[PDB]
Every structure is written in C-alpha cells, then in structure tokens.
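Chains as they are written, first to last, in the entry's author numbering: chain S, 16 to 313; chain X, 66 to 260; chain A, 16 to 65; chain Y, 261 to 313.
Note that the Cβ used here is the ideal one computed from N, Cα and C, for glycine as well.
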Amino acid sequence: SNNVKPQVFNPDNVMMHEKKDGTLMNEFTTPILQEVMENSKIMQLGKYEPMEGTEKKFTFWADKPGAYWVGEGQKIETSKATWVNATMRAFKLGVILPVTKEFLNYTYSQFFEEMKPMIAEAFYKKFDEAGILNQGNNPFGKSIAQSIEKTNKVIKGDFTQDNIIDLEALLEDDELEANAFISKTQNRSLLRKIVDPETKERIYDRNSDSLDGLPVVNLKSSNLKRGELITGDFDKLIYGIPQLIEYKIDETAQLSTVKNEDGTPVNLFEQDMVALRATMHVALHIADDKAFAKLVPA
Amino acid sequence: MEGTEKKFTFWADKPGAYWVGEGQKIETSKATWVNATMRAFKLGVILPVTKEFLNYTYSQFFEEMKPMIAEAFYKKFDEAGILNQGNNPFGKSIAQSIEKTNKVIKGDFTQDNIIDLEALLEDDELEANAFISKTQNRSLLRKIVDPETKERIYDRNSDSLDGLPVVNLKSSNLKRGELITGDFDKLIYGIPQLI
Amino acid sequence: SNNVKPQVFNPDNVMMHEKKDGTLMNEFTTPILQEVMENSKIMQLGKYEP
Amino acid sequence: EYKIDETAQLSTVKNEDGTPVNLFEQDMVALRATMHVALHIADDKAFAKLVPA
Numbered sequence: 016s017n018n019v020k021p022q023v024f025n026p027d028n029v030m031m032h033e034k035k036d037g038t039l040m041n042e043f044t045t046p047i048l049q050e051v052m053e054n055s056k057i058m059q060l061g062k063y064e065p066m067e068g069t070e071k072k073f074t075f076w077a078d079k080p081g082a083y084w085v086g087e088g089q090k091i092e093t094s095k096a097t098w099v100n101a102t103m104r105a106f107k108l109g110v111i112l113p114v115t116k117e118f119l120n121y122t123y124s125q126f127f128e129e130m131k132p133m134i135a136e137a138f139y140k141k142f143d144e145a146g147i148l149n150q151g152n153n154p155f156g157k158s159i160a161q162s163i164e165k166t167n168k169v170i171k172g173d174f175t176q177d178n179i180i181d182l183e184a185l186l187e188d189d190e191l192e193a194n195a196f197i198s199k200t201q202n203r204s205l206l207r208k209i210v211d212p213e214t215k216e217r218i219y220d221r222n223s224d225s226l227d228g229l230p231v232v233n234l235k236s237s238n239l240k241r242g243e244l245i246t247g248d249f250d251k252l253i254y255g256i257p258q259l260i261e262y263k264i265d266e267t268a269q270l271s272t273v274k275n276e277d278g279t280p281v282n283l284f285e286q287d288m289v290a291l292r293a294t295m296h297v298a299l300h301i302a303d304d305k306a307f308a309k310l311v312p313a
Numbered sequence: 066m067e068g069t070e071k072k073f074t075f076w077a078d079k080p081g082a083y084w085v086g087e088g089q090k091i092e093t094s095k096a097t098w099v100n101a102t103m104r105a106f107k108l109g110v111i112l113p114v115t116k117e118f119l120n121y122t123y124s125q126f127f128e129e130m131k132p133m134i135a136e137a138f139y140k141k142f143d144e145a146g147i148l149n150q151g152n153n154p155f156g157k158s159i160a161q162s163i164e165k166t167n168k169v170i171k172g173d174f175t176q177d178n179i180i181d182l183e184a185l186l187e188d189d190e191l192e193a194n195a196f197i198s199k200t201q202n203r204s205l206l207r208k209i210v211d212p213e214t215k216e217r218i219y220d221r222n223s224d225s226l227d228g229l230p231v232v233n234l235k236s237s238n239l240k241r242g243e244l245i246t247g248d249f250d251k252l253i254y255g256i257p258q259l260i
Numbered sequence: 016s017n018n019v020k021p022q023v024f025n026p027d028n029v030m031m032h033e034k035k036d037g038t039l040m041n042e043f044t045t046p047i048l049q050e051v052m053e054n055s056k057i058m059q060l061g062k063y064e065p
Numbered sequence: 261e262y263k264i265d266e267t268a269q270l271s272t273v274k275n276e277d278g279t280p281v282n283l284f285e286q287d288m289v290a291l292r293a294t295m296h297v298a299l300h301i302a303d304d305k306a307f308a309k310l311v312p313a
C-alpha cells in the first residue's frame, strides 16, 4: 500500500504527532496545570485497615455477662458472652493510555511521567464518589449515602444553628459522637451567615474551616448539592488497599477497545505504538450504618 | 512580554477511570490541552504648542505635562479593560465576561446581596479577591448592618468591605448603584513598551 | 460500563479468583495429587536415539 | 520448554461476546509449554496382538 497519511482511530484516544490536515506538531510547548492534585477524601477521613487478600473478616463483642446478689449458702447462677462478625471485599480500578511512538519522541517525551499523577487523582475520585456518594456505578453494596437512606437518618431544612445542632444530636441518640462534616465548597456562603441570636457568636470559622468546632472536609464532586451537609463518626468508615497503584508500560499488546479506521483492533507492535496500563485494588466497609446523618434542603 | 503577543497552553481534560471485573477488558481514556493568547495595542497622543507660548508663557509645559499624559493613558486602559468603554480595542474585558457568564445580581446594597455576590464565585470554586467600586457608593456601603449583631461590614477606617479591599474607579461610566467582585489574579496585563 | 461481575469465557479454560456467585477464593489450600503421576511407557520400553 | 507471557492474545479462548482474549487489556497471564518428540519402528514384524472375536 505505502499509504503515508496518519491513522484515524475510534475513539480518538491515541496521542499523535501528526494531524489528518497534515499539521506536524514539533516544537510543542509543554502544558501547565491550573490546579493542584486532589487527595482521596476517604483516605483522609476513614480508617486504614491492612488487608492481604481481596477479603477481610471482623469480629466484635455483642453481649457481656451478668451478675447476681446471693445470700450466704445460696446457689450462684451462670451467665453468657456473645460476639458478632462482619466482612469486606476489594474491587479493581483501571485505565489504559495509548500513544503513538512518534508522539513520545518528537512531541512530549515525558508524557507518561506527567500522566502518572493525573491517573492517581482519577482513581481517588472514582473511589470517593462511590464510597461517600453512591455514584459512578458503585461496586460495593455499601456507602455513606446508602447507609443514610436505609436508616432514614435525615434532617430537612435550612442551614441554621437549630438544624446543625439537631444534625449532630442525631448521632448521640445512638450513643455515637460526630467527628467531622462533609460539605460542598459552594455552601460555605450559607455557613458564613448563621450566628447565635443569644450568645451572638458564629458557628462557622471562615478562618479555620471548622463548623461547630469540628473539621469540615470539602468534596470537589458535583453530585453533592449546595444545600446538603453530611456528618458522622468517620472512624466507623474502614478502607483497605490490597494493591497500591501498579503501572505497566507495554509496546506489543493488542488493544481491542480502540479500533482503526478500517475497523481492525489496534496492534501496538505492528503499528509502532506504546501504551500505559494502571490498576489498583481498593476495599470499603461501613462498620456501623447508624453512624452517619444528613441535612437536606426541603 | 518579549513581543506584541503571548501564548499559553493549559490542560483541559483529566483521564477517566473504570471499575473492572475479574478478567474484564480495561478501557482507554485521553488527556487534552487548550490554547489561549494575549496581544498588545497602542495608546498615543500629540500636544501641539506655539513657540511663543513655550518661550514666553510657560517654559516647563512639556516637563509638567508628562505626568498628566501618563494618567490619561491609565484611565484609558482601565476604562477599556474593567468596563467596556472608551471604544475598547481588546477582544474582552470584565464587563464583557460578566454579560457573557451573566453573573449579575439585581438588588439594593444589603448584607445578603454582598454575600450572594461573593457566593456567585464560590459557585465555580473561585474565591473573591477584591471589590471595584464607585467612590459615591460609600453612602450606601456605610449603612449596611447585621441585624443580629449590629456589626457593620464596611470598615470606614480601611476602605475594606467584608474584609476585602475596595478599589475606587473615578469615571462617569460606573453608576451610583453598581459594584463589581472578582478574583483579580485572573486579570493578566502586559506592557511591551512603557511610555 | 464499569461492569464488575467476572468475565465468562468459552472453552472456560481460564483460572479465576472469584466465581460468578461472588465467592472469592481467598485462603485457598494447595491441592495434593490422589495417585502418583505416570511416566512414559514408550520412553520406558524403547531405545533412545540421540 | 516453558514460556510465560503477560501480553499476547489467545485466539482459541473467547470472551462472552465472542472476542479473543487479550492478556494485556484483560489483566491476565498464560504459560505456554512445548516439546518435540520422534518415533520409529525398526521392524514392523516385531509386534503381535491378541484381540477378542
């Protein structure tokens, strides 16, 4: 054939040195980032739990023995202890980034080293929005938002010291104490304008991002609406990581998920291409479905 | 700037990620970047003088006019880039961007409206940095009071509103009822040639 | 997609860590052979030829 | 001889939709074993058999 025009791909996920209009992309000015990389908020709030396999077992006390009053020479009676069990399993995150090897020579030599940070953020966000918000095809049967929905442990109404005290009070009604708040940064407008009419002191630190003395953590997600606030005992949210992010770089595989213009699968050896594969195994457990409560606009 | 134009490359998309079953196919995703560019324009004026005037009437005229020419340029630049006035040459200004994104409040000066006006930036994960004001707003700004605590948000001692600096335009185009908020690290200015 | 249930295969010769009912095979015990493996009878009886 | 491979395609095993199994996309491993072996019968008369009627 000796067809020298560049290859069209579907989807257009391949990075390329040459465009189909004939533009050839030398002297490329390396992009810069208007942002800082986000952490996992679950790895921030929750409790880490070492986990060697893809599954883990927990056992807890449930009943404690009694005692009796006995007269001299009366028969002493018996009593019984009891325990209960819980379990969590892991799921796998992954992505592939394909590159034409001209691109990696004549346009952006460092490309994969600059993607490695940006891949981690993508995994962390996928994990947080599953485990906090029940979003993004949550693989676990478990989340904060789903715990709240099964307990119906929800407050309705406006951000007020009235409703914010009631929100935390809803946890000690189950003999738990709140440890943090989850909110959407859009809504510190509302927290900034509530004050006690009696003592005339404000509940929210604009300076420290503390609400009612507890720390506030902000989600970047769009799924948590402005009027909504969540609180809980986050030591009851347990996570594990059987496999820290592993990267493989591959110069010879076939990618079936990207197709050539003629419909053939992309072959990395035969078409002179490279790809990066990242995978991570991550596990989530809500230790107590009652430990979380939500305030919602009516 | 090292010439009359500047150019910037910024990342525009992060790569996705997928939940993958046991032995299921992993899917692909891409990064992306976007380009922006900034160009200069020229300001100028000429001041003609009769030689008799410069000899007999006012010898230092040009040395003393230089400061006033400089001020005339700054007031032309500001009125083009803050407002959209003075037959603005550039593609866009703040008042252009506010009409396009429609981040405007209709209302009187109240603590609620001053807080909502900043909340219009928190909508988009941006934090307000300063205010731009008419100086004849000070009659309105000083009578804003918190009804519970009776705190006043305009610090008379520091020309500071809600703890943010206010900066005053001295132009006829910004009306007695109007106030502007932003993150001014997003204004970029360059000067290829000083006066 | 984000489809998390395990991959079905045909002929189904692939070894997998989890079953389609969701049983993850953690804490698995290494099998032990019931008989003992057979040698080649040809290699026992025949003449070798380098 | 044993060769272990982490990236090749297998064509003889197919996914639920009928696609071949790509070991790289699907995060898999395969062991290939091969051997060469040869046979000769120096005299075909040297063997005899008893068979039921």
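Through-space distance from X/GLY156 to S/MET66, alpha-carbon basis: Note on geometry: alpha-carbon atoms of S/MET66 and X/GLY156 lie some 57 Å from one another.
List, in chain order, every chain S residue whose beta-carbon is nearer than 9 Å to that of A/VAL19. Residues of chain S passing the Cβ test: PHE106, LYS107, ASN152, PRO154.
Going along chain S, which residues have a C-beta under 7 Å from A/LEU60? Per Cβ cutoff of 7 Å: no residues; A/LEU60 is ~44 Å from chain S at best.
Taking just the CA atoms, how far does S/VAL169 sit from X/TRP76? Going by the C-alpha atoms only, they are around 40 Å apart.
Distance cutoff 7 Å, beta carbons only. Does A/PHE43 sit that close to anything in chain Y? No, its Cβ sits nowhere closer than 7 Å to a Cβ of chain Y.
What is the C-beta distance between X/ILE159 and X/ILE245, in whole angstroms, given that I count them as a contact (C-beta under 8 Å)? Correct: roughly 7 Å between the Cβ atoms.
When the Cα atoms are used, what is the spatial distance from S/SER16 to X/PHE73? The straight-line gap from Cα to Cα measures roughly 40 Å.
Please state the DSSP three-state secondary structure of X/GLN201. Note: X/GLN201 maps to helix in three-state DSSP.
I believe S/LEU239 touches S/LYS208 by the beta-carbon criterion, under 8 Å. Please report the beta-carbon distance rounded to the nearest angstrom. A Cβ-Cβ separation of about 20 Å leaves S/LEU239 out of contact with S/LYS208 under the 8 Å criterion.
If the cut is a Cβ gap below 9 Å, which residues of chain Y does A/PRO26 touch? Residues of chain Y passing the Cβ test: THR272, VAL273, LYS274.
On the three-state DSSP scale, how would you describe Y/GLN269? Looking at Y/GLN269 - three-state DSSP - the assignment turns out to be strand.
Distance, Cα to Cα, X/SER204 vs S/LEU205? Whole-angstrom Cα-Cα distance: 27 Å.
X/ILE91 CB to nearest chain S CB: under 7 Å? Yes - at least one Cβ of chain S is within 7 Å of the one on X/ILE91.
Less than 7 Å between the beta carbons of X/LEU148 and X/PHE196, yes or no? In this structure, X/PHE196 does not lie closer than 7 Å to X/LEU148 by Cβ.
Would A/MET40 count as contacting chain X if we go by Cβ distances under 7 Å? No, A/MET40 lies away from the interface with chain X (no Cβ there is under 7 Å from its Cβ).
For X/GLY247: DSSP bridge partner residues: According to the DSSP secondary-structure assignment, X/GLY247 is paired through a beta bridge with X/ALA195.
Distance between beta carbons of S/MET40 and S/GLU33, contact taken as under 8 Å: The Cβ separation is near 7 Å, so the contact holds.
Y/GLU266 at chain X interface by Cβ criterion, 7 Å: At a cut-off of 7 Å between beta carbons, Y/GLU266 makes no contact with chain X.
In angstroms with no decimal places, state the Cα-to-Cα distance between S/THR267 and S/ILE111. The alpha-carbon of S/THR267 is positioned some 14 Å away from that of S/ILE111.
Considering S/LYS107, what are the terminal residues of the beta strand (DSSP E) in which it resides? Counting along the chain, S/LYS107 sits inside the beta strand (DSSP E) bounded by residues 97-115.
Out of X/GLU190, X/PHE126, X/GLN176, X/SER236, state which residue places its alpha-carbon closest to the alpha-carbon of X/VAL210. Measuring from the Cα of X/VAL210, the nearest candidate turns out to be X/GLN176.
Looking at chain A, is there any beta carbon in it that lies within less than 7 Å of the beta carbon of S/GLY68? Residue contact with chain A for S/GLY68: present (Cβ-Cβ distance below 7 Å to some residue of chain A).
Could you please tell me which residues of the region 294-308 of chain S, in chain order, have their CB closer than 7 Å to any CB of chain Y? Going along the region 294-308 of chain S in chain order, one finds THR294 with a Cβ nearer than 7 Å to chain Y.
Please confirm whether residue 235 of chain Y has its beta-carbon closer than 7 Å to some beta-carbon of chain X. Not covered by the structure: residue 235 of chain Y. The range shown for chain Y is 261 to 313.
Put X/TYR121 into one of helix, strand or coil per three-state DSSP. In the structure shown, X/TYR121 falls within a helical segment according to DSSP collapsed to helix, strand and coil.
For X/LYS95, would you say it is in contact with chain S, using Cβ-to-Cβ distances shorter than 7 Å as the test? Closer than 7 Å to the CB of X/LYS95 there is at least one CB belonging to chain S.
Would you verify that the beta carbon of X/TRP76 is, or is not, closer than 7 Å to some beta carbon of chain A? Contacts with chain A at 7 Å (Cβ-Cβ) do not include X/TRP76.
In the DSSP assignment, what residue or residues form a beta bridge with S/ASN25? Looking at the DSSP assignment, S/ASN25 forms a beta bridge with S/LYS274.
Presumed contact (8 Å Cβ cut-off) between S/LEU270 and X/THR97, rounded CB distance: The pair is not a contact, with the Cβ atoms about 19 Å apart (cut-off 8 Å).
Presumed contact (8 Å Cβ cut-off) between Y/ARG292 and Y/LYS263, rounded CB distance: Between Y/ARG292 and Y/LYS263, the beta carbon gap of about 5 Å places them in contact (Cβ cut-off 8 Å).
When burial is assigned at 16 or more other CB atoms within 10 Å of the CB, is S/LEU185 buried or exposed? Burial call: buried.
So the alpha helix (DSSP H) S/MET288 belongs to, where does it begin and stop? Looking at the DSSP string, S/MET288 is not in any alpha helix (DSSP H); the run it does join, the beta strand (DSSP E), is 288-301.
Please determine, among S/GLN89, S/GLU70, S/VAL99, the residue with the shortest C-alpha to C-alpha distance to S/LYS79. If we check each option's Cα against that of S/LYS79, S/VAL99 comes out closest.
Is X/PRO212 close to chain S? Criterion is C-beta to C-beta, closer than 7 Å. Cβ-Cβ to chain S under 7 Å: no for X/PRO212.
The beta strand (DSSP E) that contains X/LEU182, what's its start and end? In the DSSP assignment, X/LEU182 falls outside any beta strand (DSSP E) and lies within the alpha helix (DSSP H) extending over 176-187.
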